[PDB]
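J.: Below you'll find target_1.txt; it's compact mmCIF, N, CA and C atoms.
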```
# COMPACT_ATOMS: atom_id res chain seq x y z
N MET A 1 136.03 87.80 38.00
CA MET A 1 134.58 87.78 37.85
C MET A 1 134.08 89.09 37.24
N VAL A 2 134.13 89.15 35.92
CA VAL A 2 133.69 90.33 35.20
C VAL A 2 132.27 90.69 35.65
N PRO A 3 131.94 92.00 35.50
CA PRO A 3 130.62 92.49 35.89
C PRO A 3 129.56 92.07 34.87
N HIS A 4 130.04 91.61 33.72
CA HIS A 4 129.15 91.18 32.66
C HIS A 4 128.58 89.80 33.00
N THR A 5 129.38 89.03 33.72
CA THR A 5 128.97 87.69 34.12
C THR A 5 128.07 87.76 35.35
N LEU A 6 128.47 88.59 36.31
CA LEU A 6 127.72 88.75 37.54
C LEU A 6 126.33 89.30 37.21
N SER A 7 126.31 90.27 36.31
CA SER A 7 125.06 90.89 35.90
C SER A 7 124.26 89.92 35.03
N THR A 8 124.97 88.98 34.43
CA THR A 8 124.34 87.99 33.57
C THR A 8 123.54 86.99 34.41
N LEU A 9 123.98 86.81 35.64
CA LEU A 9 123.31 85.89 36.55
C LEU A 9 121.80 86.14 36.50
N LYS A 10 121.06 85.18 37.03
CA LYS A 10 119.61 85.28 37.05
C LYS A 10 119.10 84.90 38.44
N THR A 11 117.98 85.52 38.81
CA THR A 11 117.38 85.27 40.10
C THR A 11 116.33 84.16 40.00
N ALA A 12 115.76 83.81 41.14
CA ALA A 12 114.75 82.77 41.19
C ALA A 12 113.50 83.24 40.43
N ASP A 13 113.50 84.53 40.11
CA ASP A 13 112.38 85.11 39.40
C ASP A 13 112.72 85.21 37.91
N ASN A 14 113.70 84.40 37.51
CA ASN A 14 114.13 84.39 36.12
C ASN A 14 114.44 85.82 35.67
N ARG A 15 114.86 86.63 36.63
CA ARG A 15 115.19 88.02 36.35
C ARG A 15 116.70 88.20 36.26
N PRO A 16 117.11 89.24 35.48
CA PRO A 16 118.53 89.53 35.30
C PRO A 16 119.11 90.18 36.56
N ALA A 17 120.23 89.63 37.01
CA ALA A 17 120.90 90.15 38.19
C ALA A 17 121.40 91.57 37.90
N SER A 18 121.41 91.91 36.62
CA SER A 18 121.86 93.23 36.20
C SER A 18 120.97 94.31 36.81
N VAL A 19 119.68 94.02 36.83
CA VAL A 19 118.71 94.96 37.39
C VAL A 19 119.14 95.34 38.80
N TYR A 20 119.93 94.47 39.41
CA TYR A 20 120.41 94.71 40.76
C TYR A 20 121.86 95.20 40.75
N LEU A 21 122.24 95.77 39.62
CA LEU A 21 123.59 96.29 39.46
C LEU A 21 123.58 97.44 38.46
N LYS A 22 123.91 98.62 38.97
CA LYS A 22 123.94 99.81 38.13
C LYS A 22 123.95 101.06 39.02
N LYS A 23 123.94 102.21 38.37
CA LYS A 23 123.95 103.47 39.09
C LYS A 23 125.28 103.62 39.83
N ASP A 24 126.30 102.96 39.29
CA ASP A 24 127.62 103.02 39.88
C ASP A 24 127.50 102.95 41.40
N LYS A 25 126.57 102.12 41.85
CA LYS A 25 126.34 101.95 43.28
C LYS A 25 126.97 100.63 43.74
N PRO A 26 127.19 100.54 45.08
CA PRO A 26 127.78 99.35 45.66
C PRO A 26 126.76 98.21 45.72
N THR A 27 127.28 96.99 45.72
CA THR A 27 126.43 95.81 45.77
C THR A 27 126.91 94.86 46.87
N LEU A 28 125.94 94.26 47.55
CA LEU A 28 126.25 93.33 48.63
C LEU A 28 125.54 92.00 48.36
N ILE A 29 126.31 90.93 48.45
CA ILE A 29 125.77 89.60 48.22
C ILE A 29 125.74 88.83 49.54
N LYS A 30 124.75 87.96 49.66
CA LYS A 30 124.61 87.16 50.86
C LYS A 30 124.24 85.72 50.47
N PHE A 31 125.14 84.81 50.79
CA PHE A 31 124.93 83.41 50.48
C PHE A 31 124.14 82.71 51.59
N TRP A 32 123.19 81.89 51.17
CA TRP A 32 122.35 81.17 52.12
C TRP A 32 122.12 79.76 51.56
N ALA A 33 121.53 78.92 52.40
CA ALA A 33 121.25 77.55 52.00
C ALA A 33 119.86 77.15 52.51
N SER A 34 119.19 76.33 51.72
CA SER A 34 117.86 75.87 52.07
C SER A 34 117.93 74.93 53.28
N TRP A 35 118.97 74.10 53.29
CA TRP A 35 119.16 73.16 54.37
C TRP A 35 119.53 73.95 55.63
N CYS A 36 119.79 75.24 55.43
CA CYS A 36 120.15 76.11 56.53
C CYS A 36 118.88 76.81 57.03
N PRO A 37 118.50 76.48 58.29
CA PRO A 37 117.31 77.07 58.89
C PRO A 37 117.57 78.52 59.30
N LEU A 38 118.66 78.72 60.03
CA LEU A 38 119.02 80.05 60.49
C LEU A 38 118.99 81.02 59.30
N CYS A 39 119.37 80.50 58.14
CA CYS A 39 119.39 81.30 56.93
C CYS A 39 117.95 81.58 56.52
N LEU A 40 117.17 80.51 56.45
CA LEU A 40 115.77 80.63 56.06
C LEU A 40 115.10 81.70 56.92
N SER A 41 115.35 81.61 58.22
CA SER A 41 114.78 82.57 59.16
C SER A 41 115.38 83.95 58.94
N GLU A 42 116.59 83.95 58.38
CA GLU A 42 117.29 85.20 58.11
C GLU A 42 116.69 85.88 56.88
N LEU A 43 116.16 85.07 55.99
CA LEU A 43 115.55 85.58 54.77
C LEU A 43 114.61 86.73 55.12
N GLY A 44 113.68 86.44 56.02
CA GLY A 44 112.72 87.44 56.45
C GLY A 44 113.42 88.73 56.89
N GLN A 45 114.48 88.55 57.66
CA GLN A 45 115.24 89.69 58.15
C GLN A 45 116.03 90.33 57.01
N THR A 46 116.43 89.49 56.06
CA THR A 46 117.19 89.96 54.92
C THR A 46 116.27 90.66 53.92
N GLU A 47 115.02 90.22 53.91
CA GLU A 47 114.03 90.79 53.01
C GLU A 47 113.67 92.21 53.45
N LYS A 48 113.55 92.38 54.76
CA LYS A 48 113.21 93.67 55.32
C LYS A 48 114.46 94.56 55.32
N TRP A 49 115.60 93.92 55.50
CA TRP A 49 116.87 94.64 55.52
C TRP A 49 117.09 95.26 54.14
N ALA A 50 116.56 94.58 53.13
CA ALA A 50 116.69 95.05 51.76
C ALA A 50 115.72 96.21 51.53
N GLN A 51 114.86 96.42 52.51
CA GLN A 51 113.87 97.49 52.42
C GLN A 51 114.28 98.66 53.32
N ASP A 52 115.38 98.46 54.04
CA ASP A 52 115.88 99.48 54.93
C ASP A 52 116.59 100.57 54.11
N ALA A 53 116.24 101.81 54.41
CA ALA A 53 116.82 102.94 53.71
C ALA A 53 118.35 102.85 53.79
N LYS A 54 118.84 102.62 55.00
CA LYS A 54 120.27 102.51 55.22
C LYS A 54 120.86 101.51 54.22
N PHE A 55 120.14 100.41 54.05
CA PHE A 55 120.58 99.37 53.13
C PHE A 55 120.30 99.77 51.68
N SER A 56 119.18 100.45 51.49
CA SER A 56 118.79 100.89 50.16
C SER A 56 119.98 101.54 49.46
N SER A 57 120.68 102.38 50.20
CA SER A 57 121.84 103.07 49.66
C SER A 57 122.63 102.13 48.75
N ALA A 58 122.82 100.91 49.23
CA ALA A 58 123.56 99.92 48.47
C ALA A 58 122.59 98.82 48.02
N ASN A 59 123.07 98.01 47.08
CA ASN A 59 122.26 96.92 46.55
C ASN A 59 122.46 95.68 47.42
N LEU A 60 121.34 95.12 47.86
CA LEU A 60 121.37 93.93 48.70
C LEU A 60 120.68 92.78 47.97
N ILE A 61 121.41 91.68 47.85
CA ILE A 61 120.88 90.50 47.18
C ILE A 61 121.53 89.25 47.77
N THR A 62 120.87 88.12 47.55
CA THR A 62 121.37 86.85 48.05
C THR A 62 121.81 85.95 46.89
N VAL A 63 122.69 85.02 47.20
CA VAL A 63 123.19 84.10 46.20
C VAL A 63 123.05 82.66 46.72
N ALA A 64 122.68 81.77 45.81
CA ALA A 64 122.51 80.37 46.16
C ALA A 64 123.18 79.50 45.09
N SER A 65 123.76 78.41 45.55
CA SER A 65 124.43 77.48 44.65
C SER A 65 123.70 76.14 44.63
N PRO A 66 123.00 75.89 43.49
CA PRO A 66 122.25 74.65 43.33
C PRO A 66 123.19 73.47 43.06
N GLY A 67 122.92 72.38 43.74
CA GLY A 67 123.72 71.18 43.59
C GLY A 67 125.14 71.40 44.13
N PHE A 68 125.32 72.54 44.77
CA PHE A 68 126.61 72.88 45.34
C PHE A 68 126.51 73.09 46.85
N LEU A 69 127.37 72.38 47.57
CA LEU A 69 127.39 72.47 49.02
C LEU A 69 126.23 71.66 49.60
N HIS A 70 125.88 70.60 48.89
CA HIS A 70 124.79 69.74 49.31
C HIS A 70 123.47 70.51 49.26
N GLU A 71 123.52 71.66 48.59
CA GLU A 71 122.34 72.50 48.46
C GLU A 71 121.43 71.97 47.35
N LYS A 72 120.13 72.12 47.57
CA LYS A 72 119.15 71.67 46.60
C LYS A 72 119.65 71.98 45.19
N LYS A 73 119.21 71.17 44.24
CA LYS A 73 119.61 71.36 42.85
C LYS A 73 118.80 72.50 42.24
N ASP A 74 119.26 72.96 41.09
CA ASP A 74 118.59 74.05 40.40
C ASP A 74 117.20 73.58 39.94
N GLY A 75 116.27 74.52 39.93
CA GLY A 75 114.91 74.22 39.52
C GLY A 75 114.08 73.70 40.70
N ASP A 76 114.66 72.75 41.41
CA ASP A 76 113.99 72.17 42.56
C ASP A 76 114.07 73.13 43.74
N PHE A 77 115.14 73.92 43.74
CA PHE A 77 115.35 74.89 44.81
C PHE A 77 114.46 76.12 44.61
N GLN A 78 114.58 76.72 43.44
CA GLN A 78 113.79 77.90 43.11
C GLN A 78 112.31 77.63 43.36
N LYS A 79 111.91 76.40 43.09
CA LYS A 79 110.52 76.00 43.28
C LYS A 79 110.22 75.91 44.78
N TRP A 80 111.19 75.39 45.51
CA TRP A 80 111.05 75.24 46.95
C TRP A 80 110.94 76.64 47.56
N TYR A 81 111.93 77.46 47.25
CA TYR A 81 111.95 78.82 47.76
C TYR A 81 110.79 79.65 47.20
N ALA A 82 110.36 79.26 46.00
CA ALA A 82 109.26 79.95 45.35
C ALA A 82 108.05 79.96 46.27
N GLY A 83 108.03 79.00 47.18
CA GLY A 83 106.93 78.89 48.13
C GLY A 83 107.35 79.41 49.51
N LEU A 84 108.42 80.19 49.52
CA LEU A 84 108.92 80.76 50.75
C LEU A 84 109.14 82.26 50.57
N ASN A 85 109.20 82.96 51.70
CA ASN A 85 109.40 84.40 51.68
C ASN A 85 108.39 85.03 50.72
N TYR A 86 108.59 86.32 50.47
CA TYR A 86 107.71 87.06 49.58
C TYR A 86 108.45 87.49 48.31
N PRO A 87 107.64 87.85 47.28
CA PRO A 87 108.21 88.29 46.01
C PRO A 87 108.77 89.70 46.12
N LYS A 88 109.52 89.93 47.19
CA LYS A 88 110.13 91.23 47.42
C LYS A 88 111.54 91.04 47.97
N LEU A 89 112.01 89.80 47.90
CA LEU A 89 113.34 89.48 48.39
C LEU A 89 114.22 89.07 47.21
N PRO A 90 115.45 89.66 47.18
CA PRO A 90 116.39 89.37 46.11
C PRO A 90 117.03 87.99 46.31
N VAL A 91 116.95 87.18 45.26
CA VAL A 91 117.51 85.85 45.31
C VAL A 91 118.22 85.55 43.99
N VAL A 92 119.50 85.23 44.10
CA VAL A 92 120.31 84.93 42.93
C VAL A 92 120.78 83.47 43.00
N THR A 93 120.64 82.78 41.88
CA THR A 93 121.05 81.39 41.80
C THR A 93 122.15 81.21 40.75
N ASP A 94 123.30 80.76 41.22
CA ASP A 94 124.43 80.54 40.34
C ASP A 94 124.76 79.04 40.29
N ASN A 95 124.50 78.45 39.14
CA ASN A 95 124.77 77.03 38.95
C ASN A 95 126.25 76.75 39.21
N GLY A 96 126.50 76.01 40.28
CA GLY A 96 127.86 75.66 40.65
C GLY A 96 128.47 76.74 41.54
N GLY A 97 127.88 77.92 41.49
CA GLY A 97 128.35 79.04 42.28
C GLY A 97 129.77 79.45 41.86
N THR A 98 129.85 80.05 40.69
CA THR A 98 131.13 80.49 40.16
C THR A 98 131.75 81.54 41.08
N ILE A 99 130.89 82.38 41.64
CA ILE A 99 131.33 83.43 42.54
C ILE A 99 131.71 82.81 43.89
N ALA A 100 130.93 81.82 44.29
CA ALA A 100 131.17 81.14 45.55
C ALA A 100 132.44 80.30 45.43
N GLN A 101 132.63 79.72 44.26
CA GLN A 101 133.79 78.88 44.01
C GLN A 101 135.01 79.76 43.70
N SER A 102 134.75 80.87 43.03
CA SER A 102 135.81 81.79 42.67
C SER A 102 136.45 82.37 43.93
N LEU A 103 135.60 82.66 44.91
CA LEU A 103 136.06 83.21 46.17
C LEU A 103 136.42 82.08 47.13
N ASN A 104 136.21 80.86 46.65
CA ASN A 104 136.50 79.68 47.45
C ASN A 104 135.76 79.78 48.79
N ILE A 105 134.47 80.07 48.69
CA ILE A 105 133.64 80.20 49.88
C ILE A 105 133.16 78.81 50.31
N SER A 106 132.15 78.32 49.62
CA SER A 106 131.59 77.01 49.92
C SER A 106 131.22 76.94 51.41
N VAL A 107 130.82 78.08 51.94
CA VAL A 107 130.43 78.15 53.34
C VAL A 107 129.35 79.22 53.51
N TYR A 108 128.30 78.85 54.22
CA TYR A 108 127.19 79.76 54.46
C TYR A 108 126.82 79.79 55.94
N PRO A 109 126.25 80.95 56.37
CA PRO A 109 126.02 82.06 55.45
C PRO A 109 127.33 82.78 55.13
N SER A 110 127.25 83.71 54.19
CA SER A 110 128.41 84.48 53.79
C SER A 110 127.98 85.79 53.13
N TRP A 111 128.82 86.80 53.29
CA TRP A 111 128.53 88.11 52.72
C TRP A 111 129.70 88.50 51.82
N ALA A 112 129.36 89.12 50.70
CA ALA A 112 130.36 89.55 49.75
C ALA A 112 130.07 90.99 49.32
N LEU A 113 131.14 91.77 49.23
CA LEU A 113 131.02 93.17 48.83
C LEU A 113 131.58 93.34 47.42
N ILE A 114 130.82 94.05 46.60
CA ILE A 114 131.22 94.30 45.22
C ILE A 114 131.33 95.81 44.99
N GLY A 115 132.54 96.25 44.73
CA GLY A 115 132.79 97.66 44.49
C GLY A 115 131.71 98.26 43.58
N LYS A 116 131.69 99.58 43.53
CA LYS A 116 130.71 100.28 42.71
C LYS A 116 131.01 100.01 41.23
N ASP A 117 132.16 99.41 40.99
CA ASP A 117 132.57 99.09 39.63
C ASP A 117 131.98 97.74 39.23
N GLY A 118 131.64 96.95 40.24
CA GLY A 118 131.06 95.64 40.01
C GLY A 118 132.12 94.54 40.14
N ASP A 119 133.10 94.81 40.99
CA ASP A 119 134.18 93.86 41.21
C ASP A 119 134.26 93.53 42.70
N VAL A 120 134.89 92.40 42.99
CA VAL A 120 135.04 91.96 44.37
C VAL A 120 135.82 93.02 45.15
N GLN A 121 135.16 93.58 46.16
CA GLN A 121 135.77 94.60 46.99
C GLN A 121 136.24 93.99 48.32
N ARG A 122 135.30 93.37 49.01
CA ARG A 122 135.60 92.74 50.29
C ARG A 122 134.72 91.51 50.50
N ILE A 123 135.31 90.49 51.09
CA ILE A 123 134.60 89.26 51.36
C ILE A 123 134.46 89.06 52.87
N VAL A 124 133.27 88.65 53.28
CA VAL A 124 133.00 88.43 54.69
C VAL A 124 132.55 86.98 54.90
N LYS A 125 133.08 86.37 55.95
CA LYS A 125 132.74 85.00 56.26
C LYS A 125 131.97 84.96 57.59
N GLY A 126 130.75 84.45 57.51
CA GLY A 126 129.91 84.35 58.69
C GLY A 126 128.62 85.16 58.52
N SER A 127 128.15 85.71 59.62
CA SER A 127 126.93 86.51 59.61
C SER A 127 127.20 87.88 60.22
N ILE A 128 126.30 88.81 59.92
CA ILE A 128 126.43 90.17 60.43
C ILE A 128 125.06 90.65 60.91
N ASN A 129 125.08 91.75 61.65
CA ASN A 129 123.86 92.33 62.17
C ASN A 129 123.52 93.60 61.39
N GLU A 130 122.31 94.09 61.62
CA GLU A 130 121.85 95.29 60.94
C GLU A 130 122.82 96.45 61.20
N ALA A 131 123.34 96.48 62.42
CA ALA A 131 124.28 97.52 62.80
C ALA A 131 125.53 97.42 61.94
N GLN A 132 126.07 96.21 61.87
CA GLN A 132 127.27 95.97 61.08
C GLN A 132 127.09 96.52 59.67
N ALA A 133 125.93 96.24 59.09
CA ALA A 133 125.63 96.70 57.75
C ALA A 133 125.87 98.21 57.67
N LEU A 134 125.37 98.91 58.68
CA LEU A 134 125.52 100.36 58.73
C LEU A 134 127.01 100.72 58.68
N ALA A 135 127.77 100.07 59.55
CA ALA A 135 129.20 100.30 59.61
C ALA A 135 129.83 99.95 58.26
N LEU A 136 129.22 98.98 57.59
CA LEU A 136 129.71 98.54 56.30
C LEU A 136 129.47 99.64 55.27
N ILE A 137 128.26 100.17 55.28
CA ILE A 137 127.89 101.23 54.35
C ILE A 137 128.62 102.52 54.74
N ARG A 138 129.01 102.59 56.01
CA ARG A 138 129.71 103.75 56.51
C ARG A 138 131.19 103.68 56.14
N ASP A 139 131.78 102.51 56.38
CA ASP A 139 133.18 102.30 56.07
C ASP A 139 133.51 100.81 56.22
N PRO A 140 134.26 100.29 55.22
CA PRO A 140 134.65 98.89 55.23
C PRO A 140 135.77 98.64 56.25
N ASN A 141 136.47 99.71 56.58
CA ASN A 141 137.56 99.62 57.54
C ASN A 141 137.00 99.29 58.92
N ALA A 142 135.73 99.63 59.11
CA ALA A 142 135.07 99.37 60.37
C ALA A 142 135.29 97.91 60.77
N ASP A 143 135.88 97.73 61.94
CA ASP A 143 136.15 96.39 62.45
C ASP A 143 136.52 96.48 63.93
N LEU A 144 135.94 95.58 64.70
CA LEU A 144 136.20 95.54 66.13
C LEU A 144 137.56 94.89 66.39
```
Would you give me this structure, written as structure tokens?

T.:
Amino acid sequence: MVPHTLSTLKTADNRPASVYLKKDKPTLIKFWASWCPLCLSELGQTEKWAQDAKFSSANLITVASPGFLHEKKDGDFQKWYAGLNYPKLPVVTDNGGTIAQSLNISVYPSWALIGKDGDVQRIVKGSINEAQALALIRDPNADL
């Protein structure tokens, strides 16, 4: 998954995912689903988490796969979500979810770490807490 493709991605705001990749800084992806309530409710927490200084250090964004994983189709989803959360939350939509399929995820929620180079560094399956994020930004080796 070249960084040219990942950066090529686009958000629900028809914005370039590249804007969320640069400064040789780390990037964190979070997969969610509309049919997923816990996720929807997490958005709010993820939106503020993206505003957390601790998190600021790294890039925080979400990824969604339209028509993938029984998830709303493209266009219909962005429109649905367009009426959810605020215009201050990072949302990335990958048709078919090349990254989700590349990592053979197809499971949400999910977290993905992308080295400062823009390559897959570490993949996480499940959910994490604000604290975990800290430990993540502190060290990936961190594990109970």

J.: Between atom N of residue A:14 and atom CA of residue A:116, what is the distance in Å, rounded to a tenth?

T.: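 Those two atoms sit 23.8 Å apart.
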
J.: Between A:134, A:142, A:60, A:33, which has the minimum distance to residue A:106 (counting only C-alpha atoms)?

T.: A:33

J.: To one decimal place, how far is atom CA of residue A:18 from atom C of residue A:130 in Å?

T.: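 Separation of atom CA of residue A:18 and atom C of residue A:130: 25.2 Å.
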
J.: Given only N, CA and C atoms as the basis, pick out the residue of A:39, A:77, A:20, A:46 nearest to residue A:59.

T.: A:20

J.: Residues at most 12 Å from residue A:127, counting only C-alpha atoms, excluding those fewer than 4 positions away in the same chain, as an mmCIF file with N, CA and C atoms, in the frame of the given file?

T.:
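Here's the written file result-v1.cif:
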```cif
data_model
loop_
_atom_site.group_PDB
_atom_site.id
_atom_site.type_symbol
_atom_site.label_atom_id
_atom_site.label_comp_id
_atom_site.auth_asym_id
_atom_site.auth_seq_id
_atom_site.Cartn_x
_atom_site.Cartn_y
_atom_site.Cartn_z
ATOM 1 N N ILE A 29 126.310 90.930 48.450
ATOM 2 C CA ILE A 29 125.770 89.600 48.220
ATOM 3 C C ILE A 29 125.740 88.830 49.540
ATOM 4 N N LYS A 30 124.750 87.960 49.660
ATOM 5 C CA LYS A 30 124.610 87.160 50.860
ATOM 6 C C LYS A 30 124.240 85.720 50.470
ATOM 7 N N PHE A 31 125.140 84.810 50.790
ATOM 8 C CA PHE A 31 124.930 83.410 50.480
ATOM 9 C C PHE A 31 124.140 82.710 51.590
ATOM 10 N N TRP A 32 123.190 81.890 51.170
ATOM 11 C CA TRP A 32 122.350 81.170 52.120
ATOM 12 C C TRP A 32 122.120 79.760 51.560
ATOM 13 N N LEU A 38 118.660 78.720 60.030
ATOM 14 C CA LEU A 38 119.020 80.050 60.490
ATOM 15 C C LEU A 38 118.990 81.020 59.300
ATOM 16 N N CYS A 39 119.370 80.500 58.140
ATOM 17 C CA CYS A 39 119.390 81.300 56.930
ATOM 18 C C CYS A 39 117.950 81.580 56.520
ATOM 19 N N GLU A 42 116.590 83.950 58.380
ATOM 20 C CA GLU A 42 117.290 85.200 58.110
ATOM 21 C C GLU A 42 116.690 85.880 56.880
ATOM 22 N N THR A 46 116.430 89.490 56.060
ATOM 23 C CA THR A 46 117.190 89.960 54.920
ATOM 24 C C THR A 46 116.270 90.660 53.920
ATOM 25 N N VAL A 107 130.820 78.080 51.940
ATOM 26 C CA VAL A 107 130.430 78.150 53.340
ATOM 27 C C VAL A 107 129.350 79.220 53.510
ATOM 28 N N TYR A 108 128.300 78.850 54.220
ATOM 29 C CA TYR A 108 127.190 79.760 54.460
ATOM 30 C C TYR A 108 126.820 79.790 55.940
ATOM 31 N N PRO A 109 126.250 80.950 56.370
ATOM 32 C CA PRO A 109 126.020 82.060 55.450
ATOM 33 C C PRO A 109 127.330 82.780 55.130
ATOM 34 N N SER A 110 127.250 83.710 54.190
ATOM 35 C CA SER A 110 128.410 84.480 53.790
ATOM 36 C C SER A 110 127.980 85.790 53.130
ATOM 37 N N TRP A 111 128.820 86.800 53.290
ATOM 38 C CA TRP A 111 128.530 88.110 52.720
ATOM 39 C C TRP A 111 129.700 88.500 51.820
ATOM 40 N N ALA A 112 129.360 89.120 50.700
ATOM 41 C CA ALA A 112 130.360 89.550 49.750
ATOM 42 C C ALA A 112 130.070 90.990 49.320
ATOM 43 N N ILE A 123 135.310 90.490 51.090
ATOM 44 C CA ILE A 123 134.600 89.260 51.360
ATOM 45 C C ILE A 123 134.460 89.060 52.870
ATOM 46 N N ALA A 131 123.340 96.480 62.420
ATOM 47 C CA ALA A 131 124.280 97.520 62.800
ATOM 48 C C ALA A 131 125.530 97.420 61.940
ATOM 49 N N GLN A 132 126.070 96.210 61.870
ATOM 50 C CA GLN A 132 127.270 95.970 61.080
ATOM 51 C C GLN A 132 127.090 96.520 59.670
ATOM 52 N N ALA A 133 125.930 96.240 59.090
ATOM 53 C CA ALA A 133 125.630 96.700 57.750
ATOM 54 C C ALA A 133 125.870 98.210 57.670
#
```

J.: Find the residue from A:144, A:28, A:84, A:91 that sits nearest to residue A:114; use all atoms listed in the file when measuring.

T.: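 So, comparing all the options, the nearest one is A:28.
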
J.: Would you work out the distance separating atom CA of residue A:26 from atom CA of residue A:92, expressed in Å to one decimal?

T.: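 Taking atom CA of residue A:26 as the start and atom CA of residue A:92 as the end point, the length is 16.5 Å.
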
J.: I need the residues in stretch 56-122 of chain A that are helix (DSSP H, G or I) according to DSSP; give them as a PyMOL selection string.

T.: chain A and resi 56+76-82+98-102

J.: So, with all atoms listed in the file as the atoms that count, which of A:2, A:61, A:124, A:135 lies closest to residue A:89?

T.: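 The answer is A:61, which sits nearest to residue A:89.
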
J.: Set up a box along x, y and z of the file covering all listed atoms of stretch 27-40 of chain A, add 4 Å on every one of the six sides, and write the centre and edge lengths in Å to one decimal, as lines of an AutoDock Vina configuration file.

T.:
```
center_x = 121.2
center_y = 85.1
center_z = 53.1
size_x = 20.2
size_y = 31.8
size_z = 22.8
```

J.: Could you check the closest approach to residue A:10 for each of A:101, A:93, A:129, A:141 and tell me which residue wins, using all atoms listed in the file?

T.: A:93

J.: Tell me, as a PyMOL selection string, which residues lie within 8 Å of residue A:6, counting all atoms listed in the file; anything in the same chain fewer than 5 positions away does not count.

T.: chain A and resi 1+16-18+21+118

J.: List as a list in words the protein and nucleic acid residues near stretch 94-98 of chain A, meaning an atom at most 10 Å away when only C-alpha atoms are counted, but skip any in the same chain fewer than 2 places from it.

T.: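 Selected residues are residues 1, 5, 6, 9, 10, 11, 12, 31, 63, 64, 65, 66, 67, 68, 69, 73, 74, 92, 100, 101, 102, 103, 104, 105 and 106 of chain A.
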
J.: So that I can check the secondary structure, give me every residue of chain A assigned strand (DSSP E) by backbone DSSP, as an MDAnalysis selection string.

T.: chainID A and resid 10:11 27:31 59:64 91:93 110:114 120:125

J.: Name the closest residue to residue A:13 among the candidates A:99, A:82, A:120, A:136; distances are taken between atoms, counting only C-alpha atoms.

T.: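 Nearest to residue A:13: A:82.
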
J.: Is there a way to complete stretch 10-21 of chain A with N, CA, C and O atoms and then write that out as a PDB file, in the frame of the given file?

T.:
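The resulting out00.pdb:
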```
ATOM      1  N   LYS A  10     121.060  85.180  37.030  1.00  0.00           N
ATOM      2  CA  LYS A  10     119.610  85.280  37.050  1.00  0.00           C
ATOM      3  C   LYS A  10     119.100  84.900  38.440  1.00  0.00           C
ATOM      4  O   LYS A  10     119.703  84.089  39.132  1.00  0.00           O
ATOM      5  N   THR A  11     117.980  85.520  38.810  1.00  0.00           N
ATOM      6  CA  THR A  11     117.380  85.270  40.100  1.00  0.00           C
ATOM      7  C   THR A  11     116.330  84.160  40.000  1.00  0.00           C
ATOM      8  O   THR A  11     116.072  83.647  38.905  1.00  0.00           O
ATOM      9  N   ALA A  12     115.760  83.810  41.140  1.00  0.00           N
ATOM     10  CA  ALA A  12     114.750  82.770  41.190  1.00  0.00           C
ATOM     11  C   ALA A  12     113.500  83.240  40.430  1.00  0.00           C
ATOM     12  O   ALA A  12     112.600  82.450  40.165  1.00  0.00           O
ATOM     13  N   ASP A  13     113.500  84.530  40.110  1.00  0.00           N
ATOM     14  CA  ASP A  13     112.380  85.110  39.400  1.00  0.00           C
ATOM     15  C   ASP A  13     112.720  85.210  37.910  1.00  0.00           C
ATOM     16  O   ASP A  13     112.119  85.989  37.175  1.00  0.00           O
ATOM     17  N   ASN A  14     113.700  84.400  37.510  1.00  0.00           N
ATOM     18  CA  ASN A  14     114.130  84.390  36.120  1.00  0.00           C
ATOM     19  C   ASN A  14     114.440  85.820  35.670  1.00  0.00           C
ATOM     20  O   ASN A  14     114.284  86.149  34.496  1.00  0.00           O
ATOM     21  N   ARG A  15     114.860  86.630  36.630  1.00  0.00           N
ATOM     22  CA  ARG A  15     115.190  88.020  36.350  1.00  0.00           C
ATOM     23  C   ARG A  15     116.700  88.200  36.260  1.00  0.00           C
ATOM     24  O   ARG A  15     117.461  87.435  36.857  1.00  0.00           O
ATOM     25  N   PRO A  16     117.110  89.240  35.480  1.00  0.00           N
ATOM     26  CA  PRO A  16     118.530  89.530  35.300  1.00  0.00           C
ATOM     27  C   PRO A  16     119.110  90.180  36.560  1.00  0.00           C
ATOM     28  O   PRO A  16     118.554  91.149  37.073  1.00  0.00           O
ATOM     29  N   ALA A  17     120.230  89.630  37.010  1.00  0.00           N
ATOM     30  CA  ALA A  17     120.900  90.150  38.190  1.00  0.00           C
ATOM     31  C   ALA A  17     121.400  91.570  37.900  1.00  0.00           C
ATOM     32  O   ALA A  17     121.756  92.304  38.822  1.00  0.00           O
ATOM     33  N   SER A  18     121.410  91.910  36.620  1.00  0.00           N
ATOM     34  CA  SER A  18     121.860  93.230  36.200  1.00  0.00           C
ATOM     35  C   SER A  18     120.970  94.310  36.810  1.00  0.00           C
ATOM     36  O   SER A  18     121.460  95.352  37.248  1.00  0.00           O
ATOM     37  N   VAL A  19     119.680  94.020  36.830  1.00  0.00           N
ATOM     38  CA  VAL A  19     118.710  94.960  37.390  1.00  0.00           C
ATOM     39  C   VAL A  19     119.140  95.340  38.800  1.00  0.00           C
ATOM     40  O   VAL A  19     118.745  96.394  39.308  1.00  0.00           O
ATOM     41  N   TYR A  20     119.930  94.470  39.410  1.00  0.00           N
ATOM     42  CA  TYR A  20     120.410  94.710  40.760  1.00  0.00           C
ATOM     43  C   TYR A  20     121.860  95.200  40.750  1.00  0.00           C
ATOM     44  O   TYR A  20     122.574  95.061  41.737  1.00  0.00           O
ATOM     45  N   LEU A  21     122.240  95.770  39.620  1.00  0.00           N
ATOM     46  CA  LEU A  21     123.590  96.290  39.460  1.00  0.00           C
ATOM     47  C   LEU A  21     123.580  97.440  38.460  1.00  0.00           C
ATOM     48  O   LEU A  21     123.284  97.248  37.281  1.00  0.00           O
TER      49      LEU A  21
END
```
